[PDB]
Structures are given as structure tokens and as C-alpha cells.
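Trainee: Pasting an experimental structure, sequence included:
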Amino acid sequence: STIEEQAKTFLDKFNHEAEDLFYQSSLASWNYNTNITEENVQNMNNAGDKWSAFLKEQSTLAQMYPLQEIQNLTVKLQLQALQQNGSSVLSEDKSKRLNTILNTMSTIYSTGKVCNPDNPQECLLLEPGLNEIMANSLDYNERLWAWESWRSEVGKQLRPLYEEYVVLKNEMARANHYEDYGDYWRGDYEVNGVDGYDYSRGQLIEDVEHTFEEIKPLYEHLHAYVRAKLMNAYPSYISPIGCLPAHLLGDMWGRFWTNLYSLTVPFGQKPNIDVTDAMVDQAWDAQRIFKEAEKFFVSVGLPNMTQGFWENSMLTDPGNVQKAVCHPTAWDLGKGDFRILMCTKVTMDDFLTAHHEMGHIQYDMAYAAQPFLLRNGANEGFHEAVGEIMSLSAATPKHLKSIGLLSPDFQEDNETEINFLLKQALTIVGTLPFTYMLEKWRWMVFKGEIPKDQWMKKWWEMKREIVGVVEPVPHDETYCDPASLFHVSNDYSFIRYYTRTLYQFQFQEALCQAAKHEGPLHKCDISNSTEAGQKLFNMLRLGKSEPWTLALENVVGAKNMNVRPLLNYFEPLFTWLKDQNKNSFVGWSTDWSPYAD
Amino acid sequence: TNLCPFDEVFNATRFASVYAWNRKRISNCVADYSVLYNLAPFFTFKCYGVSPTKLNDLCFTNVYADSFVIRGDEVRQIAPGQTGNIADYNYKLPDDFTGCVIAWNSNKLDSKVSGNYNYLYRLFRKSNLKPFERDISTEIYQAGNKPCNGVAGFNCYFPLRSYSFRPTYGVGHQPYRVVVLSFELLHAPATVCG
């Protein structure tokens, strides 16, 4: 007869009903990512709005229960994910403009048609094209055209098209009683109402700024080593005292530095650890990749995979008669169904994501008992972090020693793991300022800190101060340089990739201290030790019912987001990076310009 | 020796929903519970007060075979002293229950591809159920301080919600045909043994 009991019977209706109409939507989307068919693409759009026009009728009915008197915290964190009005706060003609402009920025990014005026007889597609030219092209001007033209034909038509986007997404947030749209991406880290574990949105900017200040000498010594190892490749293109140019970081924008490993290898005479030539000689197939990915998971204490997982999933690319888009996504269809979908091959970087992708499922199999609106991660960067630690322990030479891949007589000297830790430095450490700067730019264009005529001057100045990158061409305000990405154009939160790193090594500091590991962190293996599974399953089963700052205290013993376990993972690297950097100059200056001709 | 009709509460075509569980009064015959358990075509079988090694020795007067169909994680609720969703609004066993449930997974003959909305289960009720009680009613559950006159609009919700049964779910949510066997004694002469 009170508002607490009124919200319990409404959410009990809702969960059950939602489960029916979430499966029906997700199964039609699973049949679209297996059978790309014109007959099946309308079944996804017919099952898609039936969950979209269901959540619109359920959010209006969830707005009649005020949160001012609901005292049980499980009900309040359920209604907080439902009473959010979403993008329906605007008027009629203003909000349909938001929907039709997301379809003209998502279609213009995937289908960007750019090529060279010198030879326009045959042109380009992004894949297999401009991502390949950032891998095995070691020329300066040939990569200059490959990077400037993507910011002169794709970013050109987004610069007067995203000025309307920032003034329209502020209206999506200032009607939801926020400060800007930047507080909406920071709104998932909000914890309020629990004693001692509060977390405001404005404290997240002060928390990333204190964690980035401690990885500042670690990223700088990579920057003094990548620059010193790129001097021989380009003799008169990179200054020794200045910053790095943008179009030689090995990626399409400069996020990941994985493709820069073959030029800046520390010890090329010793072979890198690979088991690709070991898996094909042992007649390993697509099933045994996920068979031994499961033997890591039942050997930590985590539950066995369901019987419906091995029959309804898709592991091999089913011929050239039907297209299956198999970029690896782990599918929670709901209702006890946990399938997986990737065209797995017999390579090591395919085998390593098999442990990462089942970590998405073993997280999602754990909060199956939770209600439906809390069946998610603790935050939006929490799900990708609990999967990568499972891949981080499957890449050690001690784990591949167990499953028969590596040699029985395998040597391992002090110059071997430095080549492995630089492989992890160019994918995890080098993306840490590139995730922070892009999100600091987004938070400082949503707050109105810089106007139209200053919209890009505080981007490259945010580049050659934070990430140490100078753009090679003097850009005007007619280009929108961050608009050329997968995560900016498609309207996704990007701070989840910063917080994924600081959780994926903080969890490994806690699991290896529970698994009794005597050594550094990069040789730790959480398998065959069930003391670390129970310290993980006390977090995995919570979901969103418990706040994220208590999901961290349940694992690591610290309520906040720390940074010292990440620097402790790279402790044999940080010592070695100081050993070789005596002849170079640490740091950089904001003076160097490649266009200072 | 005439066998009791256990061929009509186990190998039946369709079972009833858990809000309308049909009670079959099996009497005036000779049982053979042993057959079921022993050939183990069926699975879980748990009793209290009686046991299958003592089943065919002592006999009763009227065995109550109550058949229904529930989900996977709801078989645990059909047990004495259990609280939850099925055990409080659909089917409650008393504290001195003297029979055993028999639950076998039925994903082959009971679940249809793309929806089986033919089975209902009660989600809301004004009070808990007395033991061995069935409520076949569709009156709209008042959860507010506003008397609704039959329309299920705001805070006046429909009581029976539909099981969805896709083949692909999980042991977690596959259909589980459950039949209990409530044994009891009266002043009437006991019939069902041999």
C-alpha cells in the first residue's frame, strides 16, 4: 500500500516481461549477425522497435513512482536505469533531427569515399585499405596522404554537422537536470545513497587527473624510446627534442601502437612467443580453442559452460554462400542462453581472445540470478576489464607450458619478457593518454569551455601537451579532427577504455595475491588455484545491484580507482626503459613543427 | 493385477499450467512406483516421511497425482517450507508433506521454436496460498490505492503472466514437467499396493 511495495510489483512485472521481449529482439539480431539476408534484416528491425517502443511505454510508467521516498537500494538502482527519459526529453521536430543525424554520421564514417587527386582512376575503401596502409607502409609522404585525406574528406563534412550535435546533445542533458552532456557519460560512475562509498560525477575528472599524473613518467619513457627507435626509420622527419608526428603511430588515428612493434622491437634476435606454428602441428581445431579456454575457467572455480553453448553458437565461418559478420562480440541473448560468435582461426591472437570472450560470458553467467535492469557490469568499463584479465593470464609462458602448446624445454632469459612487456606497453600504456585526451576534449567541448573559432586550437594543443603528438599539416577550423573515429562518430562513451586498463591490472594485483604468486605480475597465472576464483565470483555475481566502488573493495581492498598495480605490472619494463634512455632527451617541448619550413 | 493409471499422468500429451494444476485421484488399483524410479526414464525424485525402498511395502488409500509444468530454477520451490514465486502464489506443499516430486526435463515435446505462450504462471496475489490450493482467477491485482474496475492500466496489473518456452534457453529456463504424489491415510480401506 506504500510506494516501496508499488515499485516492487511494477518491477516484478517488468522483469519478466522484459525477458520475453529482450530475447525476441536479441535472437533476431543474432540471426542477422549469422545470416546477412535482406529477408532477415527486416526481422531485426521488426524485433528492434518492439523493444524500443516497449521501453518508451515502460519509462513513462516508471516516472510516476518518485525516488524521493523509495528506501530499498535495490529498487532505486533499478528505477534509476528506467526513469531516465533518454533521448525523448526534446520536442517533436527537434528530437527527430537527432535521430536522422546519427544515421548520416554513422553511414558517412563506414562508407567514407576518399582517394588521391594525383591518381583518381582507382580509389579506396577503409578496410582492406587505409587500415593496411598504417601497417606495412614505412614512407613519410605516402602515409601523409593516407592520414590527411581522411581528415579532409570525412572530417570536412562532419565539422558543420557536429556543431549542431553539441548544441543538441546539451539539450538532451540539461532537461535531465545535468550540467552538460559530459555529465551523462560520467553518470554511469555515479554512486549516491550508500554510506561511505559515494562518488559524484565531478569527482571522476579529478580521479583520472590523479591517475594519469602517476603514469606520466611511464608513458614519457615510452615516448623517449619510440622516438629514439624511429630515428633510424625516418632520418630527417622526426626531431629528437620534439614530439612524434601523427601519421607514423601505426594506427588510423593514434590510439593503439600495436603496429609499431616491428620497427621498435627491443630484441629481434630472440623469437617472440607464438604458438601459431604449434597449434597447426597438433591438429588443433576451432572446438579445441574453446575447449581449453574452458579448462582455464573450470580450473579457477567458475561454473562450467552450459549445454546450449556448444550447440547454438557459431565458431567457424560457414562457407562463402552466406555472409556472417564475425567481429568478435559475446552475445548474452538472455534467459539462460549465452552463445558466442567469432570466426575463430588457428592463430595465437585468435586463441587469446577466446579466453577474453568467455570472460564476458562467465561474468554474464554469474549475474543471471539478478533482476533484469541490473544484468550489466558494475560500470560501462567494467565488463571489458573482467574479460581481458582472463586473456592476460592465458598469454603467460607458464600457462602455455601447461596446455601442450609451448615446448617442454623452453628457455626464458631476462631479455625475453621485455619483448613481451613492450607488446603490452604499446597496446595498453600508449592508449592511456589517447583515451584521456579524447575524453578531456569531449568534456571541454560539452561544457562550453571553447567556442566555434577555438574548437580545434584546443585539440592539437591538447595533443602536443598530453599525448606528445604534433599534427604534420597546419589544420584550420574547417576540419573536426576527433570526428574521424569509431567511438566519436557513432556516439559511444570513450572513458570506458581508460577505466578498463586501471581495473584489468588492479584485479590482477588482487587475484595473484590470492593465488599465492611469487614473482612479478606478468608471469602470474590464476588457473589451478580456486582461492582466486571465489574472490572474483563475489564481484561477478553482483552485477549492478551493488555499486562499482564496493565491487572494487570486494576484490582489491580499495574503494577508489588506483594506478599503482598498473605501474607494478611494468616494473621490469620501467627499469629497462631507464637503462637505455641515457643518450636521448626525456620529455618534449610544444615548439616543434614539421610544417615549420 | 491391474496397474494404476500412471500412464496418464506421466506419458500424457499436454500438462496443465501451474495456476490450473489438475488433481487426479488415483485409486482402486495396484501401483508400481518402482517402475518409474527404477527405469529412471525420469529424473529427480525426492521424498520425506516415505522412501522408495519402503514404498512398495506399506500402502495408502488415495494417492494424489498433481501434475504441472514450471521452469528450471523453480523445481527447487516445489518442496516443503519453501518460499518464492511458484511456492507462494501457485503451488505450496505443506510442512508435513509425505510424497515426492518427479521432475523431468521436457524440451523436446513441450517447447516450440519462436514462442510457446500456452503455459501461464501466477506472479501477483493478494495473499499467500494455503497448502494444496488452486486459484483459477483472472481478476486484476490491485496494487494501488485506486479501485480499478477491470481494466489493467496503471497499478492494476494482470495476475497471470505467460511462460515463454524457446528450445534454446537453458537448463535454467527449460520446461520441467513436475508431478507430485501426495500420499495420505483415512478410515477407508487401503487399496493401492501389491
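Mentor: Noted; the coordinates are in hand. Numbering: from 1, shown residues only, chains lettered A, B, ... in the order given.
Trainee: how near is residue B:158 to residue A:256?
Mentor: From residue B:158 over to residue A:256 the distance is 52 Å, taken as Cβ to Cβ, to the nearest Å. Every C-beta, even on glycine, is put in place using the N, C-alpha and C of the backbone.
Trainee: which of the two has more neighbours?
Mentor: In this view residue B:158 and residue A:256 are compared by other Cβ atoms under 10 Å in any protein chain shown, and residue A:256 has more residues nearby, 17 against 14.
Trainee: List the residues that contact the more buried one.
Mentor: A:250, A:426, A:427, A:430, A:431 (Cβ atoms under 8 Å, 6 or more residues apart in numbering or on different chains).
Trainee: Check residue A:387 too.
Mentor: Residue A:387 sits in contact with A:330, A:356, A:357, A:358, A:359, A:360, A:363, where contact means Cβ under 8 Å, 6+ apart.
Trainee: which non-adjacent residue is nearest the third one?
Mentor: To tie it back to what came earlier, the one meant is residue A:357. Of all residues not flanking residue A:357 in the chain, residue A:330 sits nearest, at 4.8 Å (Cβ to Cβ, 6 or more residues apart in numbering or on different chains).
Trainee: domains of chain B?
Mentor: Domain assignment of chain B by curated CATH domains yields the ranges B:1-114+B:167-194, B:115-166.
Trainee: From chain B, how far out is residue A:176?
Mentor: Per Cβ to the nearest Cβ, to the nearest Å, residue A:176 is found 23 Å from chain B.
Trainee: Give me the number of neighbouring residues for the residue of the stretch 451-597 of chain A at minimum distance from chain B.
Mentor: Of all residues in the stretch 451-597 of chain A, residue A:541 sits closest to chain B, with a separation of 14.3 Å (Cβ to the nearest Cβ). A count of nearby residues for residue A:541, using other Cβ under 10 Å, gives 16.
Trainee: mind listing which of the contacts of residue A:256 are in strands?
Mentor: Taking DSSP state E, every one of the contacts of residue A:256 sits outside strands.
Trainee: can I get those residues in TSV with neighbour count?
Mentor: Listed next are the contacts of residue A:256 as TSV, based on neighbours: other Cβ atoms under 10 Å in any protein chain shown:
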residue	neighbour count
A:250	22
A:426	21
A:427	15
A:430	23
A:431	22
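Trainee: Closest one to chain B out of these, please.
Mentor: Of the contacts of residue A:256, the one sitting nearest to chain B (Cβ to the nearest Cβ) turns out to be residue A:427, at 34.9 Å.
Trainee: The residue of the stretch 301-450 of chain A found nearest chain B: how many residues sit nearby?
Mentor: Closest approach between the stretch 301-450 of chain A and chain B, counting by Cβ to the nearest Cβ: residue A:336, at 2.3 Å. Per other Cβ under 10 Å, the neighbour tally for residue A:336 reads 22.
Trainee: Flag every residue of the stretch 1-150 of chain A that's near chain B.
Mentor: Residues of the stretch 1-150 of chain A lying close to chain B by Cβ under 8 Å from any Cβ of the partner chain are A:1, A:5-6, A:9-10, A:12-13, A:16-17, A:19-20, A:23-24, A:27, A:61, A:64.
Trainee: Enumerate the beta-bridge partners assigned to the nearest residue to residue B:160 once chain neighbours are set aside.
Mentor: With sequence-adjacent residues excluded and distances taken as Cβ to Cβ, 6+ apart, residue B:160 is closest to residue B:120, at 4.4 Å. In this entry, residue B:120 is beta-bridged to residue B:162, by DSSP bridges.
Trainee: Report the separation between residue B:120 and chain A.
Mentor: Taking Cβ to the nearest Cβ, one finds residue B:120 at 12 Å from chain A.
Trainee: Near that residue, how many other residues are there?
Mentor: 18.
Trainee: can you pull the contacts of it?
Mentor: The contact partners of residue B:120, by Cβ under 8 Å, 6+ apart, come to B:17, B:18, B:19, B:20, B:160, B:161, B:162, B:163.
Trainee: ok, which stretches of the chain are strands?
Mentor: Unless you meant another one, I'm taking chain A. Ranges of strands within chain A are A:244-245, A:329-334, A:337-341, A:469-470, based on DSSP E.
Trainee: You answered for a different chain; I wanted chain B.
Mentor: Going by DSSP E, chain B shows strands at B:22-26, B:44-46, B:63-70, B:101-105, B:120-122, B:141-142, B:156-157, B:160-162, B:176-182.
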